[PDB]
Structure formats: C-alpha cells, structure tokens
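Q: Protein chains in written order, with the entry's author numbering: chain L, 1 to 218; chain P, 46 to 54; chain H, 1 to 216.
There's a structure below that I have some questions on.
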Amino acid sequence: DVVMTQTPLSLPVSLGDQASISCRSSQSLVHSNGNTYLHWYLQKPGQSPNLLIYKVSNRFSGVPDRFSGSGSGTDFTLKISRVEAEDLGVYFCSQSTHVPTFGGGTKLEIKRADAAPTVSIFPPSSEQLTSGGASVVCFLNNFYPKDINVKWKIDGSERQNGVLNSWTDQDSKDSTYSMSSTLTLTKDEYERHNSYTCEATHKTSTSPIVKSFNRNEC
Amino acid sequence: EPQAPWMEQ
Amino acid sequence: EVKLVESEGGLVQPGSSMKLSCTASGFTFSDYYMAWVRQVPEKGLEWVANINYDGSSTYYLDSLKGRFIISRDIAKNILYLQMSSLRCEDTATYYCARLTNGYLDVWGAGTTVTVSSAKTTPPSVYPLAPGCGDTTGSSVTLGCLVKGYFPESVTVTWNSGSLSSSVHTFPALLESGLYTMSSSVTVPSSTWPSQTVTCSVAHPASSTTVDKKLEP
C-alpha cells in the first residue's frame, strides 16, 4: 500500500512569486518497465480535478510552462513560477506505478493585503417563524486573512451551541474569503429574548465588529 | 501500450 | 470537445444497491481505458475501479470485496458502476475518468452518493432581507438560508443565474441529521426592490426547485 505524502498542507504565495510543493512516495515509483508514473492534478474551487503534469515532468495540453514537475524515485516537486490568482486550489500528486494511490493535497493560497469583512445581520424570516423555527444569520464577506472569529450574544450572553460557521474557498477574483455564521434557536427561545448580536474579531480591527438587532423592532 | 501499469505482471 | 458526464447520484439505504452511469463524447470511446474514483469527505481521493478497452479486464480496489462492478457499453459510449450491499463507508463523491498511459486525463463533474437510512427531505428556503428599522446605504446585501434538507447536494442561483457577480455561496454543514447552507448577493440599493431578486434552490434528490422572491 503505497503512501503519497505531500508537504506543506497549505502554501501561501504572493502573486508573481514561485510556489514549491513536495510529494514523496513510500516506495520507488520506477516501474519495472522503466517509467515513473507520478502525476499532478489541480482541483480548483467548485470544480473536478484536472490533469496538470503526467509522468513526473510532462505538461498536459493547455498547461503553461510556469508549471514544472521534477524529481525521481520517491522524491518529487511541483514548482509554479510567476503565480497568478487563478492558480489557487488544491494540488495533489498521485502514483500509478503500483496499485494507484493519491496524495492528500496541498492548498495553494494567494497572498493579498489584509481586508476587513463586511458584516451583515439578518433576523429569522416570518416564513421560518411560521414553521416554528428561528435562525439568525451573519454574513462576513470579502476578508483576508481567512482566520476570523464570530461570537453570538443573546441579551448579552455568549451562545456557543447551535452555531454553524461555513467558509468559502478563496476567490480568485480578489483573493478574499467570505463566511456565513448561523445561530439556530427554537422559536420558543427566540421569542423570550430581545437583543441578537454577532461580533466579528479579525486582525484588520483592534475592536470586534458588532452587528445587532432588537427582536421587537423587526 | 499498457494503460494500467500496476496491472502489468 | 471531450467530456464525461455522470448520472445523478443521491440517497441509498444501507445494504441496498444502485448503479452509476457515465456518458462519453468527443473521443473514440473504445480507444481508451476508463476508471471510477471517489472523494470521501475529510479523506483523500481513492481509486475504485478501472476497465480496459473492450471490458475483458477490470481492476478493483481490494476493500470492495467484489460488491462493485465496472462495465462499459461500446454501442452507447456508456460506462457503468454497479454498487451492491452499500455501507455508510461508501458515502462519497464519485468521479468517472478517462485513463491513458496510467494517468487520468479527463474527469467527470462528480456525483454524490449518500448511504443512509434517513429520509429524503426537501429544503426550506428562507429569505434574508434587511429590516429591523435599520437604514439603507448605496448597496443592499440579501440572502437565502437553505435549511433542513437531506441528502446533499443543492445548487443555488440568483435570478435564474443572471445575477452572479456579487454572489457568495457557502458550503453546507450537517446539523441534527439535516443540511443547512446559505448564499448572499449584493445589489445597488436603488435597484431593490424595484428590480426583483429571487434565489432559486434546486435539490435533485427530492426533485424540488424553490424560486424564492426576496421582499422588503
């Protein structure tokens, strides 16, 4: 069972700089027939993998020379020169000399200047309330870096349980991320309190960004 | 000629 | 052009069976080996099976215990994966792929298979609009909250896809046995509600599409 080990797990690179990704195999990938079946694929956000490099160093049709594969035996490297934003996604190696296996992937992150989130809060819809539920949503849009904290308060009290936080992949358009935070309560509990607040902590601000509403004003 | 090299014997 | 298109996946009860298909075009089908691979959540990609030109020789991931069958119809340019006695561990995104000289040079779009005794449930789609007496600037952010569905996946578009430039779609999360996801869009404030905005949520598993108009 041949293990393909990739490093690093995530690689941040500035536009126009070079990225270098390592792929190592637990067994030599030199087939008895002399060929080394080590390949590289790229999976962009929301897409299927596409072939990038086959048999160590051969660029697949349509892949620019910026992408270069090298190595031998058990040690392989993918180098991406002059990185462009559209290069972002998960790069993974694979071997088919032996029973075929895949590496775990390396995520290429594009660096950009820090960008503050735009935070929007929404109360439960009347449609949801009619059905007996109550979710409060905060969107945190277009920020960088990806690390961000959201804290929900109900009448001033932090609430941890019932929170669903979901990040987008990085957008090649502007190198930013967005995330959605949803606090799901029962209508019973929602109707007993008044103040609903989401607080966003991000490195772009010393003080958290606070969005809030009062239920009886909705 | 082979398409699945690991199946070679 | 070259392309591979998988059939719709979806929900199957543990212990039951199901068959995926994949249709090829643009190349001489029988001039290529074909393969299935799967992407299991929180795990990597894994080989499933491959087949030679005429289907006389196949290979399977060992752990499958012969529960899966790969086959191909030369008359129809179609690749099949029959799956039997499904277990939770078979839940994954399945891709069909063209295999050439040991590598996969064309990949399908992927199809999601969910092994579960839970029931198919359509999404509730809730509008997210500003209010609560807040004021209005030069833009407005609107959204849809897509809750309570099973299995994955859903697709969300805005105005039948004609609104796309300012859209964010957030990956689904499982909570209490059901999925929740959301989507936001931003438009100039002078244009809403004057120019309508609707989120359309398609959920193939329940054969349902919701086209929810955003209201102030």
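We treat Cβ as the ideally placed atom computed from N, Cα and C, and that holds for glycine.
The alpha helix (DSSP H) spanning L/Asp188 covers which residue range?
A: The residue given as residue 188 of chain L occupies position 188 in the first sequence. 187-190 is the span of the alpha helix (DSSP H), which, as asked, contains L/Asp188.
Q: Return yes when the Cβ of L/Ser20 is within less than 9 Å of the Cβ of L/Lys79, no when it is not.
A: One-based indexing of the first sequence puts residue 79 of chain L at position 79. One-based indexing of the first sequence puts residue 20 of chain L at position 20. Closer than 9 Å, so yes.
Q: Check this for me: beta carbons of H/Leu142 and H/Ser184, under 9 Å apart or not?
A: Here residue 142 of chain H refers to the residue found at position 142 when the third sequence is read from its first residue. Here residue 184 of chain H refers to the residue found at position 184 when the third sequence is read from its first residue. It is a contact, given that the beta carbons lie within the stated cut-off.
Q: Considering only C-alpha positions, which residue in the set L/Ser72, L/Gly71, L/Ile53, L/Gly73 is nearest to L/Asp65?
A: As a working note, residue 65 of chain L is residue 65 in the first sequence. Residue L/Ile53 is the option with its Cα nearest to L/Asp65.
Q: Among L/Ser157, L/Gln170, L/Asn214, which has the Cα closest to the Cα of L/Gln43?
A: In the first sequence, residue 43 of chain L corresponds to position 43, counting from 1. Per the Cα distances, L/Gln170.
Q: Please list the partners that residue 24 of chain P has in chain H, where partner means a Cβ-to-Cβ separation under 9 Å.
A: Any question about residue 24 of chain P goes unanswered here, given that chain P covers just 46 to 54.
Q: Is L/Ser126 helix, strand or coil when you go by DSSP?
A: Against the first sequence, residue 126 of chain L aligns to sequence position 126. L/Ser126: helix per DSSP, three-state reduction.
Q: Flag H/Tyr80 as yes if its beta-carbon sits less than 9 Å from any beta-carbon of chain L, otherwise no.
A: Indexing the third sequence from 1 puts residue 80 of chain H at position 80. No - not a single Cβ of chain L is within 9 Å of the one on H/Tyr80.
Q: L/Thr168 bridges to which residues according to DSSP?
A: Walking along the first sequence from the start, residue 168 of chain L turns up at place 168. Paired residue(s): none; L/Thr168 is not in a bridge.
Q: Counting only beta-carbon separations shorter than 9 Å, does H/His168 have a partner in chain L?
A: In the third sequence, counting from the first residue as 1, residue 168 of chain H sits at position 168. Taking Cβ atoms only, chain L reaches closer than 9 Å to H/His168, which makes this a yes.
Q: Please report the residue range of the beta strand (DSSP E) in which P/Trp51 lies.
A: Here the question's residue 51 of chain P lines up with position 6 in the second sequence. That residue, P/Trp51, is in no beta strand (DSSP E); it is neither H nor E in DSSP.
Q: Within 9 Å (strictly less), CB to CB, does L/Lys107 reach chain H?
A: Position 107 of the first sequence, counted from the start, is the residue given in the question as residue 107 of chain L. Closer than 9 Å: no.
Q: Mind checking whether H/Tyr53 and H/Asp73 have CB atoms under 9 Å apart?
A: Looking up residue 53 of chain H in the third sequence gives position 53. Looking up residue 73 of chain H in the third sequence gives position 73. Not in contact: H/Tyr53 and H/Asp73 (Cβ atoms no closer than 9 Å).
Q: In whole angstroms, give me the CA-to-CA distance for H/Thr93 and H/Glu152.
A: Numbered from 1 along the third sequence, position 93 holds the residue referred to as residue 93 of chain H. Numbered from 1 along the third sequence, position 152 holds the residue referred to as residue 152 of chain H. Cα-Cα distance, rounded: 10 Å.
Q: Considering only their Cβ atoms, is the gap separating H/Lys76 from H/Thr23 smaller than 9 Å?
A: As a first step, residue 23 of chain H must be located in the third sequence, where it is residue number 23. As a first step, residue 76 of chain H must be located in the third sequence, where it is residue number 76. Yes, the Cβ-Cβ distance between H/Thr23 and H/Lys76 is below 9 Å.
Q: Which residues in chain L sit within 7 Å of H/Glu42, going by Cβ to Cβ distance?
A: For the purposes of this step, residue 42 of chain H is taken as the residue at position 42 of the third sequence. Per Cβ cutoff of 7 Å: no residues; H/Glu42 is ~11 Å from chain L at best.
Q: In the DSSP assignment, the beta strand (DSSP E) including L/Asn142 goes from what residue to what residue?
A: Counting from one through the first sequence, the residue named residue 142 of chain L turns up at place 142. Unbroken beta strand (DSSP E) run through L/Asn142: 133-143.
Q: Which residues, taken in chain order from the stretch 31-43 of chain L, show a beta carbon closer than 8 Å to some beta carbon of chain P?
A: Cβ contacts with chain P: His31, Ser32, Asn33, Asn35, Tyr37.
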